[PDB]
Amino acid sequence: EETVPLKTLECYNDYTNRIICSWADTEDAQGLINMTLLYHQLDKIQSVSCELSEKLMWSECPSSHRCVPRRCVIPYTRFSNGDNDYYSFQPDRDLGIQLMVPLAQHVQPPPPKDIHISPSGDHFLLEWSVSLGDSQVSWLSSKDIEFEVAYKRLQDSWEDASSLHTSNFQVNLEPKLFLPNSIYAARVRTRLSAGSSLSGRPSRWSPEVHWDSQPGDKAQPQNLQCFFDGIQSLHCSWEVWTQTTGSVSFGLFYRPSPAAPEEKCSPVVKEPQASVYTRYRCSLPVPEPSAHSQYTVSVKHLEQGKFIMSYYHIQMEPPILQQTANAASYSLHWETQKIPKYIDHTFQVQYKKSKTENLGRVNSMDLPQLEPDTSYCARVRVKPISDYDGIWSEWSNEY
Amino acid sequence: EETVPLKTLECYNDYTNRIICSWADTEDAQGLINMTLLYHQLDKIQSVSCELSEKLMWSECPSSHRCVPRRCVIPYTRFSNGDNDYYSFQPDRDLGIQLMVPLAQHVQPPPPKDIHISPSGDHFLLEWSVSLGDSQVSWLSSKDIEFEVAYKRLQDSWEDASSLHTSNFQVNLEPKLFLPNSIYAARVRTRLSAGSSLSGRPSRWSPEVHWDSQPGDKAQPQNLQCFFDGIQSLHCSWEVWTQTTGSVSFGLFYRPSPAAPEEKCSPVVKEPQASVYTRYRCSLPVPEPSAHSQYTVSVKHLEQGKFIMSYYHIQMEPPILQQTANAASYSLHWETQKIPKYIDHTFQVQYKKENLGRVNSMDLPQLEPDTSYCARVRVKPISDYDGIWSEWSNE
Ligand SMILES: *[C@@H]1O[C@H](CO)[C@@H](O)[C@H](O)[C@H]1NC(C)=O
Ligand SMILES: *[C@@H]1O[C@H](CO)[C@@H](O)[C@H](O)[C@H]1NC(C)=O
């Protein structure tokens, strides 16, 4: 803990009259403060007139710093064997600071600790402990002490968070104080009674405690918060559970007064977001704020749909197959039909053992020849065409 | 942004009797919400009955998602060229949310902005603006608005920060609201005057803005503060300018009542701490605190110095020479005198790169090649008195 100039001191007597001393100060520090040397002989005080060499005569500056050299001579007409020398350092300007601290108005109580989060039931049990030692009466007790607990959900900063005050050493937390599907954090600090004489800083913030809020519907949007900027705009925000947003789309509808036609807010903005909840905000103009105006705002699901008509057609059909080679096997026939009656067909056939041909709307088609192996295989389909559209029917019977 | 069921919906038809449709919901959603499919016709609406499919018949799943297909059939005998087929998805539950907001009581004023940090010679000016609109009567103007500024040192957390309340669009920040050479930050928000009928939330914070406070001694330590933990202890903390600790040590002292003798509080603990400052802390005890007990705490410079006496000495010690190279080569003379006379002397001569007595002359064996030079000596005390070996002489 030794200061620089004192370690850099060696002072050696020349024995005629004088004493010569060599010391140093740091080279960043000479700018901030200068030092004067004190020579102590019985009662004298006596500040030493100092000068600065280019190098420490008798010592080495600590190599971390680089040093500033000093060379001082103290003329001493007479020594003795009993002369007694002490060299001390002090600053040339009297610096230091002093504070009056009335104990009453400077009390900062001890923090709470041993802090446990437990559910007992529908409720949530926040507990803490505080060490006042003893005596039971020493300067503070159950009075004048009180407590402040702050809870918030993780994504929130503490700066804005709700707060409770109990003289009790535990507080019961129930929902409606909480947004269902999120992680919450709580911490306690010890506060002085507003209702007491004693003044000062609140206790250190306790360590945090984390827990998951009661479960919730998850499909439903939550956190509907709408606020008015006092000039012709109202800003509403809400949260939906992220996994829902593929299933449902939401939008925000307002009516001024519970009379006016419902009106749709745009735009709706999507906060990015990686969180388990996804936040949404929309700002709606409010052009004629009445004195007492009650806007009524709701989050309803947007509409999702399409026209399919038809124009869209599938069906399906069987051939009857009366042979496999080694004989005269003529044509093929398709039974059902499922008879459409309005609209054209363009039936399709295939054969052998990817080999096909295109056809008209004909209840049967003729085969050129096969011979060895077996008449097999041949399959059919039907695709509505011309006026009407659709998709090929699933394949039939055989292979 | 269209839901995965609307993307995945393909209804296709077999004109005889029924229609069949294929669609999906997100994998994730499966535990969460049951969607239903609606067949829109004319007057009817009529929710489709659907069941779960192994695969999506006519559609690929949306590129991002993975999905869970449904297959739905509907018994429709009657058709037409004019027929209008519309299918729409909706959750089966009534799920949705409705909130009334009387404007008067939920108001979040426009935040401060275009905020400037302004120094004067002595004071500190703090500027901003607020956009309040027109007509000059809209619902709030000079009132029901108020203000709150927080300022803190760059190193502090805003959680603990000093706050101020004005009705005005600027403030003059007295120094002595501010520690000396150091860097402060500040922000402002708009609030509602207590007098207001309007209720709401204080506005968002204006942006932070940064400046460095009045210059100061800097050799002096600032920011002494002490707290009484209400049982038997008082905790103090102070800063110094870090590169001062090379020149000076400080310590913490206390007087319970001024009349009382100064005690030195120990140990003094130093925080590292990364900055231009270095923070120190020390906690000192208490007696029974008197109800009004007044304590006095000071940081002074700790005593710094070391003893010498003599018991330390140094000197210089000339020889004269008889000659060099081939005339008389033995002994040497010493001078000066320079008379200590109280103490042992033990001068020492060397040619070799030899401890001698209080004697002022040495003799040597010699050689007589070459030339005698160079020959050195030294002067010091042993026994009762002591010092550093003197510098060699004239050689
Ligand atoms: C040290 O002394 C010189 C003149 O003797 C002066 O210019 C300088 O400012 C002093 N240093 C400090 C830190 O005051
Ligand atoms: C709605 O979803 C639940 C999920 O638990 C499912 O069991 C139920 O069958 C669905 N509703 C109907 C009417 O099938």
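So the protein sequences, as listed, match chains A and B.
Taken in order, the first sequence gives residues 29 to 381, 389 to 434; the numbers are from UniProt numbering.
Taken in order, the second sequence gives residues 29 to 381, 392 to 433; the numbers are from UniProt numbering.
Yeah, the Cβ is synthetic: ideal placement off N, Cα and C, and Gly gets one too.
**Asked** Can we say the region 307-319 of chain A touches the region 337-346 of chain A, given the rule of at least three CB pairs closer than 8 angstroms?
**Response** Touching, no, given that fewer than three Cβ pairs across the two stretches are closer than 8 angstroms.
**Prompt:** DSSP on residue 385 of chain B, reduced to helix/strand/coil?
**Reply:** Missing from the coordinates is residue 385 of chain B; the shown part of chain B jumps over it, going from 381 to 392.
**Message:** Using CA atoms only, rank isn't needed, just tell me which of B/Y411, B/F152, B/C264, B/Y282 is closest to B/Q250.
**Reply:** Here residue 250 of chain B is taken as the residue at index 222 of the second sequence, counted from 1. For the residues B/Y411, B/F152, B/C264, B/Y282, the minimum Cα distance to B/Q250 belongs to B/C264.
**Request:** Consider the C-beta atom of A/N62 and the heavy atoms of ligand 1; say whether any pair is separated by less than 6 angstroms.
**Result:** Here residue 62 of chain A refers to the residue found at position 34 when the first sequence is read from its first residue. For ligand 1, at least one heavy atom lies less than 6 angstroms from the Cβ of A/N62.
**Prompt:** Within 10 angstroms of its Cβ, does A/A247 collect 16 or more other Cβ (buried), or is it exposed?
**Reply:** Taking the first residue of the first sequence as 1, we reach residue 247 of chain A at position 219. Its Cβ being crowded by 16 or more others within 10 Å, A/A247 is buried.
**Three-state secondary structure (DSSP) of B/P33** = Translated into positions along the second sequence, residue 33 of chain B becomes position 5. In the structure shown, B/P33 adopts helical secondary structure according to DSSP, grouped into three states.
**Prompt:** Considering only the beta carbon of each residue, do B/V135 and A/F256 sit closer than 7 angstroms?
**Reply:** Locating residue 135 of chain B in the second sequence gives position 107, counting from the first residue. Locating residue 256 of chain A in the first sequence gives position 228, counting from the first residue. With a cutoff of 7 angstroms on beta-carbon distance, B/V135 and A/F256 are scored as near each other.
**Contact the region 142-160 of chain A vs the region 293-302 of chain B: 3+ CB pairs below 8 angstroms** = Contact between the region 142-160 of chain A and the region 293-302 of chain B is absent: fewer than three C-beta pairs spanning the two stretches fall below 8 angstroms.
**Message:** Distance check for A/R215 and A/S221, CA to CA, integer angstroms please.
**Reply:** As a working note, residue 221 of chain A is residue 193 in the first sequence. As a working note, residue 215 of chain A is residue 187 in the first sequence. In this structure, the alpha-carbon of A/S221 lies about 19 angstroms from that of A/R215.
**Prompt:** For a contact meaning CB atoms closer than 8 angstroms, what does A/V304 contact in chain B?
**Reply:** Taking the first sequence and counting its residues from 1, one reaches residue 304 of chain A at position 276. Those do not exist, as A/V304 stays about 11 angstroms from chain B at its closest Cβ, beyond 8 angstroms.
**Request:** Return no unless some Cβ of chain B is closer than 7 angstroms to the Cβ of A/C39.
**Result:** The count along the first sequence starts at 1 and reaches residue 39 of chain A at position 11. Any Cβ of chain B closer than 7 angstroms to the Cβ of A/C39 would place that residue at the interface, and such an atom is present.
**Message:** Assuming the contact rule is C-beta atoms closer than 8 angstroms, A/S116 and A/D172 should be a hit. Round their C-beta distance to whole Å, please.
**Reply:** Indexing the first sequence from 1 puts residue 116 of chain A at position 88. Indexing the first sequence from 1 puts residue 172 of chain A at position 144. The Cβ separation is near 48 angstroms, so there is no contact.
**Message:** To be precise: take each residue of the region 405-428 of chain A, compare its Cβ to all Cβ atoms of chain B, and keep it if any distance is under 8 angstroms. Which residues remain?
**Reply:** For the region 405-428 of chain A, the set of positions with a beta-carbon nearer than 8 angstroms to some beta-carbon of chain B reads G425, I426 in chain order.
**Message:** For a cutoff of 7 angstroms on Cβ pairs, would you count B/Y340 as touching chain A?
**Reply:** Here residue 340 of chain B refers to the residue found at position 312 of the second sequence. Proximity of B/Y340 to chain A, defined by a Cβ-Cβ separation below 7 angstroms, is satisfied.
**Message:** Let me make sure I understand the geometry here. Which of A/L60, A/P90, A/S92, A/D53 has the alpha-carbon closest to that of A/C78?
**Reply:** The residue given as residue 78 of chain A occupies position 50 in the first sequence. Selected option, being the one with the closest Cα: A/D53.
**Prompt:** Using DSSP with H/G/I as helix, E/B as strand and the rest coil, what is A/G279?
**Reply:** Looking up residue 279 of chain A in the first sequence gives position 251. It is a strand residue.
**Item:** Near-chain A residues of the region 45-68 of chain B (beta-carbon distance less than 7 angstroms), N- to C-terminal order
**Value:** Near chain A, meaning a CB-to-CB distance below 7 angstroms, the residues of the region 45-68 of chain B are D53, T54, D56, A57, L60, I61, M63.
**Item:** Outcome for B/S210 when other beta-carbon atoms lying within 10 angstroms are tallied against a minimum of 16
**Value:** Locating residue 210 of chain B in the second sequence gives position 182, counting from the first residue. Burial state of B/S210 is buried, judged by a 10 Å Cβ sphere holding 16 or more other Cβ atoms.
**Message:** Output needed in chain order: residues of the region 274-289 of chain A with a Cβ under 7 angstroms from some Cβ in chain B.
**Reply:** Flagged, chain order: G274, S275, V276, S277.
**Request:** Go through the UniProt domain "Fibronectin type-III 1" (139-244) of chain A residue by residue and report every complete run of the beta strand (DSSP E) that reaches 3 residues or more, in order.
**Result:** Listed in chain order, the complete beta strand (DSSP E) runs (minimum 3 residues) inside the UniProt domain "Fibronectin type-III 1" (139-244) of chain A are 141-147, 152-157, 173-181, 190-194, 198-201, 211-220, 237-240.
**Request:** Residues of the region 245-260 of chain B with a CB closer than 8 angstroms to any CB of chain A: list them in chain order, please.
**Result:** Going along the region 245-260 of chain B in chain order, one finds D245, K246, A247, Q248, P249, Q250, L252, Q253, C254, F255, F256, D257, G258, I259, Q260 with a Cβ nearer than 8 angstroms to chain A.
**Rounded straight-line distance, which links the Cα of A/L70 to that of A/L34** = Position 6 of the first sequence, counted from the first residue, corresponds to residue 34 of chain A. Position 42 of the first sequence, counted from the first residue, corresponds to residue 70 of chain A. Rounded to whole angstroms, A/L34 to A/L70 spans 21 angstroms at the Cα level.
**Request:** With a 10 Å radius around its C-beta and 16 neighbouring C-beta atoms as the bar for buried, classify A/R396 as buried or exposed.
**Result:** Looking up residue 396 of chain A in the first sequence gives position 361. The residue in question, A/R396, is exposed, as its Cβ has fewer than 16 Cβ neighbours within 10 Å.
**Request:** Assuming A/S359 contacts A/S389 (C-beta within less than 8 angstroms), just tell me the rounded distance between them.
**Result:** The residue given as residue 359 of chain A occupies position 331 in the first sequence. The residue given as residue 389 of chain A occupies position 354 in the first sequence. Distance from A/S359 to A/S389 at the Cβ level is roughly 22 angstroms; contact not present, criterion being Cβ atoms closer than 8 angstroms.
**With 16 other Cβ atoms within 10 Å as the buried cut-off, status of A/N41** = Taking the first sequence and counting its residues from 1, the one referred to as residue 41 of chain A is at position 13. A/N41 is buried by the Cβ-count criterion.
**Asked** Would you say A/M400 faces chain B, with C-beta separation under 7 angstroms as the test?
**Response** As a first step, residue 400 of chain A is located in the first sequence; it is residue number 365 there, counting from the start. Cβ-Cβ to chain B under 7 angstroms: no for A/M400.
**Request:** Tell whether a beta-carbon distance below 7 angstroms holds between B/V177 and B/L192.
**Result:** Position 149 of the second sequence, counted from the first residue, corresponds to residue 177 of chain B. Position 164 of the second sequence, counted from the first residue, corresponds to residue 192 of chain B. The Cβ-Cβ distance between B/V177 and B/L192 falls below 7 angstroms.
**Message:** Taking CB distances under 7 angstroms as the criterion, tell me whether A/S75 reaches chain B.
**Reply:** On the first sequence, position 47 is the one that residue 75 of chain A refers to. For A/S75, not one C-beta of chain B is nearer than 7 angstroms to its own C-beta.
**Request:** Please list the residues of the region 110-132 of chain B that have a C-beta atom closer than 8 angstroms to any C-beta atom in chain A, keeping them in chain order.
**Result:** From the region 110-132 of chain B, only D111, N112, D113, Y114, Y115, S116, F117, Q118, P119, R121, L123, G124, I125, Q126, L127, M128, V129, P130, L131, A132 have a Cβ closer than 8 angstroms to chain A.
**Request:** Could you tell me if B/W427 is buried or exposed, where buried requires 16 or more neighbouring beta carbons within 10 angstroms of its beta carbon?
**Result:** Working through the second sequence from its first residue, we reach residue 427 of chain B at position 389. Classification for B/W427: exposed.
**Bridge-paired residues (DSSP) for A/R309** = If you number the first sequence from 1, residue 309 of chain A lands on position 281. BP columns for A/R309 point to A/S265, A/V297.
**Asked** Name the residues in the UniProt domain "Fibronectin type-III 1" (139-244) of chain A whose C-beta lies less than 7 angstroms from a C-beta of chain B; which are they?
**Response** So the close ones are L160, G161, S166, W167, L168, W186, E187, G228, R229.
**Prompt:** Within this structure, are the beta carbons of residue 384 of chain B and A/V32 separated by less than 7 angstroms?
**Reply:** The gap in chain B between 381 and 392 takes in residue 384 of chain B, so it carries no coordinates here.
**Contact set for A/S231: own chain, Cβ-Cβ below 8 angstroms, skip 5 residues either direction** = Along the first sequence, read from residue 1 onward, the residue named residue 231 of chain A stands at position 203. Correct list, in chain order: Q136, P137, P138, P139, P140, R217, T218, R219.
**Asked** Straight-line CA distance for A/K366 to A/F375?
**Response** Mapped onto the first sequence, residue 366 of chain A falls at position 338. Mapped onto the first sequence, residue 375 of chain A falls at position 347. Computed Cα separation, rounded: 14 angstroms.
**Asked** In chain A, which residues lie with their C-beta within 9 angstroms of the C-beta of B/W269?
**Response** Residue mapping note: residue 269 of chain B aligns to position 241 of the second sequence, counting from 1. At a C-beta separation below 9 angstroms, B/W269 has these neighbours in chain A: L60.
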